[PDB]
>>> print(open('final.csv').read())   # CSV, C-alpha atoms and all ligand atoms
chain,number,residue,atom,x,y,z
A,14,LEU,CA,100.2,91.6,109.1
A,15,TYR,CA,101.1,95.2,109.8
A,16,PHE,CA,103.3,96.9,107.3
A,17,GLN,CA,103.5,100.5,108.8
A,18,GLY,CA,101.5,101.6,105.7
A,19,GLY,CA,99.5,104.8,105.2
A,20,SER,CA,95.8,105.0,105.7
A,21,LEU,CA,93.3,103.9,103.1
A,22,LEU,CA,91.7,107.3,103.5
A,23,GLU,CA,95.0,108.7,102.2
A,24,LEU,CA,95.1,106.1,99.4
A,25,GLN,CA,91.6,107.1,98.1
A,26,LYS,CA,92.6,110.8,98.2
A,27,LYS,CA,95.9,110.2,96.3
A,28,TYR,CA,94.8,107.7,93.7
A,29,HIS,CA,91.9,107.3,91.3
A,30,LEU,CA,91.1,103.6,91.1
A,31,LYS,CA,90.2,102.1,87.7
A,32,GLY,CA,89.7,98.7,86.2
A,33,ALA,CA,91.2,95.3,87.2
A,34,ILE,CA,94.3,94.0,85.4
A,35,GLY,CA,94.5,90.7,87.4
A,36,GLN,CA,93.2,88.8,90.4
A,37,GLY,CA,95.3,87.0,93.0
A,38,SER,CA,94.4,84.7,95.9
A,39,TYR,CA,93.6,87.6,98.2
A,40,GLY,CA,92.1,90.2,96.0
A,41,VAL,CA,92.4,92.1,92.7
A,42,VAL,CA,95.1,94.2,91.2
A,43,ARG,CA,93.7,97.4,89.8
A,44,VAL,CA,95.0,100.1,87.5
A,45,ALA,CA,95.2,103.4,89.5
A,46,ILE,CA,96.0,107.0,88.5
A,47,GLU,CA,98.1,109.1,90.9
A,48,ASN,CA,96.1,112.3,91.1
A,49,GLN,CA,99.0,114.8,91.5
A,50,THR,CA,101.5,113.2,89.0
A,51,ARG,CA,99.1,111.4,86.6
A,52,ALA,CA,101.4,108.3,86.9
A,53,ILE,CA,99.6,105.1,86.1
A,54,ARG,CA,100.1,102.4,88.8
A,55,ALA,CA,99.0,98.9,89.7
A,56,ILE,CA,97.5,98.6,93.2
A,57,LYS,CA,97.4,95.1,94.6
A,58,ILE,CA,94.7,94.7,97.1
A,59,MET,CA,95.0,91.9,99.6
A,60,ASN,CA,92.4,90.9,102.2
A,61,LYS,CA,94.2,90.2,105.5
A,62,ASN,CA,91.4,88.0,106.9
A,63,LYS,CA,91.7,85.7,103.9
A,64,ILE,CA,95.5,85.5,104.2
A,65,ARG,CA,95.3,84.5,107.9
A,66,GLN,CA,92.7,81.8,107.2
A,70,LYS,CA,101.6,80.8,106.4
A,71,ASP,CA,101.6,83.2,103.5
A,72,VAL,CA,102.0,85.9,106.1
A,73,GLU,CA,105.8,85.5,106.3
A,74,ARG,CA,106.0,85.2,102.5
A,75,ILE,CA,104.0,88.4,102.1
A,76,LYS,CA,106.0,90.5,104.6
A,77,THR,CA,109.2,89.2,102.8
A,78,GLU,CA,107.9,90.0,99.3
A,79,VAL,CA,106.8,93.5,100.4
A,80,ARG,CA,110.0,94.3,102.3
A,81,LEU,CA,112.2,93.1,99.4
A,82,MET,CA,110.3,94.6,96.5
A,83,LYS,CA,110.2,97.9,98.4
A,84,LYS,CA,114.0,98.0,98.6
A,85,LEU,CA,114.9,96.7,95.1
A,86,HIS,CA,115.7,99.1,92.3
A,87,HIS,CA,116.3,97.5,88.9
A,88,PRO,CA,114.7,98.2,85.5
A,89,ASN,CA,113.7,94.5,85.1
A,90,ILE,CA,112.1,94.3,88.5
A,91,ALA,CA,108.7,95.9,89.2
A,92,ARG,CA,109.0,98.6,91.7
A,93,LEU,CA,106.9,98.7,94.9
A,94,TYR,CA,106.5,102.4,95.7
A,95,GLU,CA,104.0,102.7,98.6
A,96,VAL,CA,102.0,100.6,101.1
A,97,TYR,CA,98.6,101.4,102.5
A,98,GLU,CA,96.6,99.4,105.0
A,99,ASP,CA,93.8,99.0,107.5
A,100,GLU,CA,92.7,96.2,109.8
A,101,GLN,CA,91.3,94.3,106.8
A,102,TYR,CA,93.4,95.2,103.8
A,103,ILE,CA,97.0,95.6,102.5
A,104,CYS,CA,97.3,97.8,99.4
A,105,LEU,CA,100.5,97.8,97.4
A,106,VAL,CA,101.2,100.6,95.0
A,107,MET,CA,103.5,99.2,92.3
A,108,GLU,CA,104.9,99.8,88.9
A,109,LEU,CA,102.2,98.8,86.3
A,110,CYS,CA,102.9,96.3,83.6
A,111,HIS,CA,100.6,96.7,80.7
A,112,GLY,CA,101.8,93.8,78.5
A,113,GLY,CA,100.6,90.7,80.2
A,114,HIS,CA,102.6,87.6,81.2
A,115,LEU,CA,105.5,86.3,79.2
A,116,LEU,CA,103.4,83.6,77.6
A,117,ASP,CA,100.5,85.9,77.1
A,118,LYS,CA,102.5,87.9,74.6
A,119,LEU,CA,104.8,85.1,73.3
A,120,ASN,CA,102.9,82.1,71.8
A,121,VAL,CA,105.3,79.2,71.8
A,122,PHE,CA,104.3,75.9,70.2
A,123,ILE,CA,105.7,73.0,68.2
A,124,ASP,CA,104.8,73.4,64.5
A,125,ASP,CA,103.5,69.9,63.5
A,126,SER,CA,104.6,70.1,59.9
A,127,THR,CA,108.3,70.8,60.6
A,128,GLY,CA,108.6,69.4,64.1
A,129,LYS,CA,110.3,72.7,65.1
A,130,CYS,CA,109.4,75.2,67.8
A,131,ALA,CA,107.5,78.2,66.5
A,132,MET,CA,106.8,81.6,68.1
A,133,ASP,CA,104.1,84.2,67.5
A,134,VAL,CA,104.1,87.6,69.2
A,135,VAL,CA,100.6,88.5,70.3
A,136,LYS,CA,99.3,92.0,70.9
A,137,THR,CA,97.6,91.5,74.2
A,138,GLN,CA,94.3,93.1,75.4
A,139,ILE,CA,94.6,92.9,79.1
A,140,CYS,CA,95.1,96.4,80.4
A,141,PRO,CA,92.1,98.8,80.8
A,142,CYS,CA,94.3,101.9,81.6
A,143,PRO,CA,93.8,105.2,79.8
A,144,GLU,CA,97.0,104.9,77.8
A,145,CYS,CA,96.1,101.4,76.5
A,146,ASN,CA,92.5,102.6,75.8
A,147,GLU,CA,93.8,105.5,73.8
A,148,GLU,CA,96.1,103.4,71.7
A,149,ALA,CA,93.4,100.8,71.0
A,150,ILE,CA,90.7,103.2,69.8
A,151,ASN,CA,93.0,105.2,67.6
A,152,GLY,CA,95.1,102.4,66.2
A,153,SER,CA,94.8,99.1,64.2
A,154,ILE,CA,95.6,95.5,64.9
A,157,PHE,CA,97.5,90.5,65.9
A,158,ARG,CA,99.8,87.5,65.8
A,159,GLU,CA,103.2,88.1,64.2
A,160,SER,CA,105.2,84.9,63.2
A,161,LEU,CA,108.9,84.9,63.9
A,162,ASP,CA,111.7,83.2,61.8
A,163,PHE,CA,114.7,81.4,63.3
A,164,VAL,CA,116.8,84.6,63.5
A,165,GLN,CA,114.0,86.7,65.0
A,166,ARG,CA,113.2,84.0,67.6
A,167,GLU,CA,116.8,83.7,68.8
A,168,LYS,CA,117.3,87.5,68.8
A,169,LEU,CA,114.1,88.1,70.8
A,170,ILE,CA,114.7,85.2,73.2
A,171,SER,CA,118.3,86.3,73.8
A,172,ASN,CA,117.0,89.8,74.6
A,173,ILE,CA,114.5,88.3,77.1
A,174,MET,CA,117.2,86.2,78.7
A,175,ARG,CA,119.5,89.2,79.0
A,176,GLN,CA,116.9,91.0,81.1
A,177,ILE,CA,116.2,87.9,83.2
A,178,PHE,CA,119.9,87.5,84.0
A,179,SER,CA,120.4,91.2,84.6
A,180,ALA,CA,117.6,91.0,87.2
A,181,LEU,CA,119.1,87.8,88.7
A,182,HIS,CA,122.7,89.2,88.8
A,183,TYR,CA,121.3,92.2,90.7
A,184,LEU,CA,119.2,90.1,93.1
A,185,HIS,CA,122.1,87.6,93.8
A,186,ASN,CA,124.5,90.5,94.5
A,187,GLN,CA,121.9,91.9,96.9
A,188,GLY,CA,122.1,88.5,98.6
A,189,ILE,CA,118.6,87.3,97.6
A,190,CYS,CA,117.7,83.9,96.2
A,191,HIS,CA,114.5,84.2,94.1
A,192,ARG,CA,113.4,80.5,94.1
A,193,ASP,CA,110.5,80.9,91.7
A,194,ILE,CA,111.8,81.9,88.3
A,195,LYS,CA,109.1,80.9,85.8
A,196,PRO,CA,107.3,82.6,82.9
A,197,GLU,CA,104.2,83.6,84.9
A,198,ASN,CA,106.4,85.8,87.2
A,199,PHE,CA,107.6,88.0,84.3
A,200,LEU,CA,105.3,90.6,82.8
A,201,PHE,CA,105.9,92.8,79.7
A,202,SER,CA,106.0,96.5,80.6
A,203,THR,CA,104.0,97.3,77.4
A,204,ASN,CA,102.7,96.2,74.0
A,205,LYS,CA,105.2,98.6,72.5
A,206,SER,CA,108.4,96.8,73.5
A,207,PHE,CA,109.9,93.6,74.8
A,208,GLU,CA,111.0,95.1,78.1
A,209,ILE,CA,110.1,92.7,81.0
A,210,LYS,CA,109.7,93.0,84.7
A,211,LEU,CA,110.0,90.4,87.5
A,212,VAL,CA,106.8,90.9,89.6
A,213,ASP,CA,106.7,88.2,92.2
A,214,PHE,CA,108.9,87.7,95.3
A,215,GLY,CA,106.7,85.4,97.3
A,216,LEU,CA,109.2,82.6,97.6
A,217,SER,CA,112.3,84.8,97.8
A,218,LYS,CA,114.8,84.5,100.7
A,219,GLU,CA,118.0,86.3,101.7
A,220,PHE,CA,121.0,84.0,101.6
A,221,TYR,CA,121.8,84.9,105.2
A,222,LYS,CA,118.5,83.5,106.3
A,223,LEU,CA,118.6,80.2,104.4
A,224,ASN,CA,118.7,77.3,106.9
A,225,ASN,CA,117.3,79.6,109.7
A,226,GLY,CA,114.4,77.2,110.4
A,235,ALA,CA,110.5,75.0,96.7
A,236,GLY,CA,108.9,76.5,93.6
A,237,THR,CA,106.9,75.2,90.6
A,238,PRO,CA,108.1,71.7,89.9
A,239,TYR,CA,108.9,72.2,86.2
A,240,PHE,CA,111.4,74.9,87.0
A,241,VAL,CA,112.9,73.8,90.3
A,242,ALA,CA,116.6,72.8,90.4
A,243,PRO,CA,117.5,69.1,91.3
A,244,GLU,CA,119.7,70.2,94.2
A,245,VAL,CA,116.6,72.0,95.7
A,246,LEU,CA,114.5,68.9,95.3
A,247,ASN,CA,117.3,66.7,96.6
A,248,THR,CA,117.9,68.7,99.8
A,249,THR,CA,116.2,68.1,103.2
A,250,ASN,CA,116.5,71.8,104.2
A,251,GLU,CA,117.8,75.0,102.5
A,252,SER,CA,121.4,73.9,101.9
A,253,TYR,CA,121.6,75.1,98.3
A,254,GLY,CA,122.7,78.3,96.5
A,255,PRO,CA,121.4,80.9,94.0
A,256,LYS,CA,122.6,78.8,91.0
A,257,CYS,CA,119.1,77.2,91.6
A,258,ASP,CA,117.8,80.4,89.9
A,259,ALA,CA,120.2,80.0,87.0
A,260,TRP,CA,118.8,76.5,86.5
A,261,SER,CA,115.2,77.8,86.5
A,262,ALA,CA,116.2,80.4,83.9
A,263,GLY,CA,117.6,77.5,81.8
A,264,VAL,CA,114.3,75.7,82.0
A,265,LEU,CA,112.5,78.9,80.9
A,266,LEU,CA,115.0,79.2,78.1
A,267,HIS,CA,114.5,75.6,77.0
A,268,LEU,CA,110.7,76.2,76.9
A,269,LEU,CA,111.1,79.4,74.8
A,270,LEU,CA,113.6,77.7,72.4
A,271,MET,CA,112.2,74.2,72.1
A,272,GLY,CA,108.5,74.8,72.7
A,273,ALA,CA,108.4,72.5,75.8
A,274,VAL,CA,109.9,72.2,79.2
A,275,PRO,CA,112.8,69.6,79.6
A,276,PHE,CA,111.0,67.7,82.4
A,277,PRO,CA,107.4,67.6,81.2
A,278,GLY,CA,105.8,65.4,83.9
A,279,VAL,CA,102.2,64.2,83.8
A,280,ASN,CA,101.9,65.4,87.4
A,281,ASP,CA,104.2,67.0,90.0
A,282,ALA,CA,105.5,63.5,91.2
A,283,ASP,CA,106.4,62.6,87.6
A,284,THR,CA,108.0,66.0,87.0
A,285,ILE,CA,110.1,65.9,90.3
A,286,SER,CA,111.4,62.4,89.3
A,287,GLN,CA,112.4,63.6,85.8
A,288,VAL,CA,114.2,66.7,87.2
A,289,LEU,CA,116.0,64.4,89.7
A,290,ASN,CA,116.8,61.5,87.3
A,291,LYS,CA,117.1,63.0,83.8
A,292,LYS,CA,120.6,63.7,82.6
A,293,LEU,CA,120.1,66.1,79.7
A,294,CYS,CA,122.2,65.3,76.7
A,295,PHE,CA,122.4,68.3,74.4
A,296,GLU,CA,124.0,65.9,71.9
A,297,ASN,CA,120.5,64.4,71.3
A,298,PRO,CA,120.0,65.2,67.6
A,299,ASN,CA,116.9,67.2,68.3
A,300,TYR,CA,119.0,70.2,69.5
A,301,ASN,CA,120.4,70.6,66.0
A,302,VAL,CA,117.6,73.1,65.6
A,303,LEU,CA,119.5,75.6,68.0
A,304,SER,CA,122.4,77.8,67.2
A,305,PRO,CA,125.7,76.4,68.6
A,306,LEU,CA,125.7,79.4,71.1
A,307,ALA,CA,122.1,78.7,72.3
A,308,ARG,CA,122.9,75.0,72.7
A,309,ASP,CA,126.0,75.9,74.7
A,310,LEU,CA,124.2,78.4,77.0
A,311,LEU,CA,121.4,75.8,77.6
A,312,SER,CA,124.0,73.2,78.5
A,313,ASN,CA,125.7,75.5,81.0
A,314,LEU,CA,122.5,76.5,82.8
A,315,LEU,CA,121.0,73.0,82.9
A,316,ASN,CA,124.2,71.5,84.3
A,317,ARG,CA,123.4,69.2,87.2
A,318,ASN,CA,126.9,69.9,88.6
A,319,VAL,CA,126.3,73.0,90.6
A,320,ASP,CA,130.0,74.0,90.8
A,321,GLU,CA,130.2,74.0,87.0
A,322,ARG,CA,126.8,75.5,86.2
A,323,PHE,CA,126.7,79.2,85.2
A,324,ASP,CA,125.7,81.9,87.6
A,325,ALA,CA,123.9,85.0,86.2
A,326,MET,CA,127.2,86.8,85.6
A,327,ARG,CA,128.6,84.0,83.4
A,328,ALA,CA,125.3,83.9,81.5
A,329,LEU,CA,125.5,87.6,80.9
A,330,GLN,CA,129.1,87.4,79.6
A,331,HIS,CA,128.2,84.4,77.3
A,332,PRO,CA,128.3,85.4,73.6
A,333,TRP,CA,124.7,84.3,73.0
A,334,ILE,CA,123.8,87.2,75.3
A,335,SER,CA,126.8,89.5,74.9
A,336,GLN,CA,127.8,89.2,71.1
A,337,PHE,CA,126.4,92.6,70.0
A,338,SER,CA,127.9,94.5,72.9
A,339,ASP,CA,131.5,95.7,73.6
A,340,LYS,CA,132.1,97.1,70.1
A,341,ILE,CA,134.7,99.6,69.1
A,342,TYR,CA,133.7,101.3,65.8
A,343,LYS,CA,130.1,102.3,65.1
A,344,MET,CA,129.0,100.0,62.4
A,345,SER,CA,125.4,101.3,62.1
B,401,LIG,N1,102.8,95.2,88.7
B,401,LIG,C1,101.8,94.6,88.0
B,401,LIG,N2,101.4,95.1,86.8
B,401,LIG,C2,100.4,94.5,86.1
B,401,LIG,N3,99.8,93.3,86.5
B,401,LIG,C3,100.1,92.7,87.7
B,401,LIG,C4,101.2,93.3,88.5
B,401,LIG,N4,101.3,92.6,89.6
B,401,LIG,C5,100.4,91.5,89.5
B,401,LIG,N5,99.7,91.7,88.4
B,401,LIG,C6,98.7,90.7,87.9
B,401,LIG,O1,98.0,90.3,89.0
B,401,LIG,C7,97.8,88.8,88.9
B,401,LIG,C8,97.8,88.3,90.3
B,401,LIG,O2,99.0,88.6,91.0
B,401,LIG,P1,99.8,87.5,91.9
B,401,LIG,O3,101.1,88.1,92.4
B,401,LIG,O4,99.8,86.2,91.1
B,401,LIG,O5,98.8,87.3,93.1
B,401,LIG,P2,98.9,85.8,93.8
B,401,LIG,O6,97.8,85.8,94.9
B,401,LIG,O7,100.3,85.5,94.2
B,401,LIG,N6,98.4,84.7,92.6
B,401,LIG,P3,99.4,83.4,92.1
B,401,LIG,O8,100.8,84.0,91.9
B,401,LIG,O9,98.9,82.9,90.8
B,401,LIG,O10,99.4,82.4,93.2
B,401,LIG,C9,99.0,88.4,88.1
B,401,LIG,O11,98.7,87.2,87.3
B,401,LIG,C10,99.4,89.5,87.2
B,401,LIG,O12,98.9,89.3,85.9
B,402,MG,MG,102.1,86.7,93.1
B,403,ZN,ZN,97.7,100.0,80.2
>>> encode(input="final.csv", output="C-alpha cells")
Amino acid sequence: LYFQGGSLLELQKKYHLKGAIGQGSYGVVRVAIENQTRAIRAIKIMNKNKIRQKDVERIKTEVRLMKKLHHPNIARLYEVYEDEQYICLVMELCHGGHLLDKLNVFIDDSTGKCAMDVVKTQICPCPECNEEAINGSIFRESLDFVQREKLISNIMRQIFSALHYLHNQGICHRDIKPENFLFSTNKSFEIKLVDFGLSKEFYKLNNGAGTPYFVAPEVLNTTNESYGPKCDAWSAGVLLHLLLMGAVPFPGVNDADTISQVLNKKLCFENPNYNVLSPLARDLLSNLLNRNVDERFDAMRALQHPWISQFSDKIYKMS
C-alpha cells in the first residue's frame, strides 16, 4: 500500500481540514479547504493497517483509475498523500449527498404509481453550504409525470455519458448502483460517479461481482471474467427501473433470492404495469434489460436513444 504520495506534513500545510461528510470502512471523508486556492475538497482518509487486516488491489486500482480519469460526471482525484499508516485522497467534493438521499422514490399507495420527491439534503458542513443554509429558507418537492421523466432522463444522460467515456477508456465499472453516484450540489441535478473499487480494465479481465440487485445475469452466470462492459448498461437499466417504477426488477428477500431472480426472470415489458411509462422510457428499459448481450444497448446507443436525445440536435432556436 504505497501510492508515491506526498507527505502528511505537506497535506496539513496545504489544506485546512473541516467536518466529516461521510465515513467509509477505513476512515472518514472530510471537507477540506485548499489554503492557497480556497478550493473546497473532499479528503478521504484510509487507515492502511485496517485495510491489510484483499481490498489492497482494489484500492490501488481505484486510486490509479480515478487519478487518470477526466469527465464532468466522474469525481476527480487530484492528489494523494500518505505515511506508513494512512492514505489520504484529495478529491472533488460532492455537496448533494447520494442519488437516493436527494431523490425520494416510492410507490404511492393510493394510485399504485411510482412517486418522486426531491429533497434538499443537509449533509455537507462546508463553508458554502453553511452560508447558504443560514441566509436562506427551506424541503420535499413533489414531481408530476412530466417532471419525473425529464429529471430521470437527465440523470440517465449523465450516467451514460460517464459510462461511454469509461468504456472508451477501456474500463469496466462493475458496480453501477445509486449509492455510487453523488449530487455535486443542492443547487442542480449534476451527478458524479465517485467509486471505482470494483472497476477493471478490459485488458486485465481473465488475468487471474457487484451488489446483487444491479449485477447482470451474464456476470452471475460466468465462472470467471468472460463478460463485457454491457454488464454496466444492464446495471444502469436496473437503476433506471428503480427510478421509474419505485422498485428494482429483481427484489429478492436476500442475495440468494436476488441472484436467482436476475438469472431466471425474463422481463416482459408487455406486463400491463409498464403502461405507466412513456413509450420511449419503456423502450429504453427493454433495450438495457435485454438478457441477450449482443442485442442489449451499450452506453452509446443509450445516449442516441430519443428518451435521452430528443431535445438535442435542433436546427432553429425555438426558445
Ligand atoms: N468525493 C466525495 N464527495 C462527497 N462525499 C464523498 C465523496 N467520496 C465519498 N464520499 C462519502 O463518503 C462515504 C464513504 O465513502 P466510500 O467510498 O463508500 O468508502 P467505503 O469504505 O468504500 N464504504 P462502502 O462503499 O459503503 O463500502 C460515501 O457514502 C460518500 O457519501
Ligand atoms: Mg467507496
Ligand atoms: Zn458543501
>>> residues_near_ligand(input="final.csv", ligand="ligand ZN 403 (chain B)", cutoff="10 Å", atoms="only C-alpha atoms and all ligand atoms", output="ChimeraX atom specification")
/A:34,44,53-55,109-113,138-148,202-204
>>> residues_near_ligand(input="final.csv", ligand="ligand LIG 401 (chain B)", cutoff="9 Å", atoms="only C-alpha atoms and all ligand atoms", output="ChimeraX atom specification")
/A:33-44,54-57,59,91-93,106-114,139-140,197-202,210-215
>>> closest_residue(input="final.csv", among="A:23, A:71, A:258, A:251", to="ligand MG 402 (chain B)", atoms="all atoms listed in the file")
A:71
>>> closest_residue(input="final.csv", among="A:14, A:217, A:313, A:345", to="ligand MG 402 (chain B)", atoms="only C-alpha atoms and all ligand atoms")
A:217
>>> atom_distance(input="final.csv", atom1="CA of residue 184 in chain A", atom2="CA of residue 46 in chain A")
29.1 Å
>>> closest_residue(input="final.csv", among="A:328, A:121, A:341, A:216", to="ligand MG 402 (chain B)", atoms="all atoms listed in the file")
A:216
>>> atom_distance(input="final.csv", atom1="CA of residue 90 in chain A", atom2="CA of residue 32 in chain A")
22.9 Å
>>> closest_residue(input="final.csv", among="A:150, A:30, A:310, A:58", to="ligand MG 402 (chain B)", atoms="all atoms listed in the file")
A:58
>>> build_atoms(input="final.csv", residues="range 191-214 of chain A", atoms="N, CA and C atoms", output="CSV table (one decimal), in the coordinates of the input")
chain,number,residue,atom,x,y,z
A,191,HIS,N,115.9,84.0,94.5
A,191,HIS,CA,114.5,84.2,94.1
A,191,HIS,C,113.6,83.0,94.3
A,192,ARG,N,114.1,81.8,93.9
A,192,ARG,CA,113.4,80.5,94.1
A,192,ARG,C,112.1,80.2,93.3
A,193,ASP,N,111.7,81.2,92.5
A,193,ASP,CA,110.5,80.9,91.7
A,193,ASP,C,110.5,81.6,90.3
A,194,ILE,N,111.6,81.4,89.7
A,194,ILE,CA,111.8,81.9,88.3
A,194,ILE,C,111.0,81.0,87.4
A,195,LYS,N,110.0,81.6,86.7
A,195,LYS,CA,109.1,80.9,85.8
A,195,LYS,C,108.4,81.9,85.0
A,196,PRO,N,107.8,81.6,83.8
A,196,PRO,CA,107.3,82.6,82.9
A,196,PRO,C,106.2,83.5,83.5
A,197,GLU,N,105.4,82.9,84.3
A,197,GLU,CA,104.2,83.6,84.9
A,197,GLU,C,104.7,84.7,85.8
A,198,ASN,N,105.9,84.7,86.3
A,198,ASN,CA,106.4,85.8,87.2
A,198,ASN,C,107.1,86.9,86.5
A,199,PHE,N,107.1,86.9,85.1
A,199,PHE,CA,107.6,88.0,84.3
A,199,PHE,C,106.5,88.6,83.5
A,200,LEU,N,106.3,89.9,83.5
A,200,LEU,CA,105.3,90.6,82.8
A,200,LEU,C,106.0,91.6,81.8
A,201,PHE,N,105.4,91.8,80.6
A,201,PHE,CA,105.9,92.8,79.7
A,201,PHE,C,105.4,94.1,80.2
A,202,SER,N,106.3,95.1,80.3
A,202,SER,CA,106.0,96.5,80.6
A,202,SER,C,104.9,97.1,79.7
A,203,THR,N,105.0,96.8,78.4
A,203,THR,CA,104.0,97.3,77.4
A,203,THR,C,103.7,96.4,76.3
A,204,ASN,N,102.8,96.8,75.4
A,204,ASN,CA,102.7,96.2,74.0
A,204,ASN,C,103.7,96.8,73.0
A,205,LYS,N,104.4,97.8,73.5
A,205,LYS,CA,105.2,98.6,72.5
A,205,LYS,C,106.6,98.2,72.5
A,206,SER,N,107.0,97.2,73.4
A,206,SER,CA,108.4,96.8,73.5
A,206,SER,C,108.5,95.5,74.1
A,207,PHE,N,109.7,94.9,74.2
A,207,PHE,CA,109.9,93.6,74.8
A,207,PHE,C,110.6,93.7,76.2
A,208,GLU,N,110.5,94.9,76.8
A,208,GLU,CA,111.0,95.1,78.1
A,208,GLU,C,110.1,94.2,79.1
A,209,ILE,N,110.8,93.5,80.0
A,209,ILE,CA,110.1,92.7,81.0
A,209,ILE,C,110.4,93.1,82.4
A,210,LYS,N,109.5,92.7,83.3
A,210,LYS,CA,109.7,93.0,84.7
A,210,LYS,C,109.4,91.8,85.5
A,211,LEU,N,110.2,91.4,86.5
A,211,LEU,CA,110.0,90.4,87.5
A,211,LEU,C,109.0,91.0,88.5
A,212,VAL,N,107.9,90.3,88.8
A,212,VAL,CA,106.8,90.9,89.6
A,212,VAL,C,106.4,90.2,90.8
A,213,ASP,N,107.1,89.1,91.1
A,213,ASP,CA,106.7,88.2,92.2
A,213,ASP,C,107.9,87.8,93.0
A,214,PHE,N,107.8,88.0,94.4
A,214,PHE,CA,108.9,87.7,95.3
A,214,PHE,C,108.5,86.8,96.5
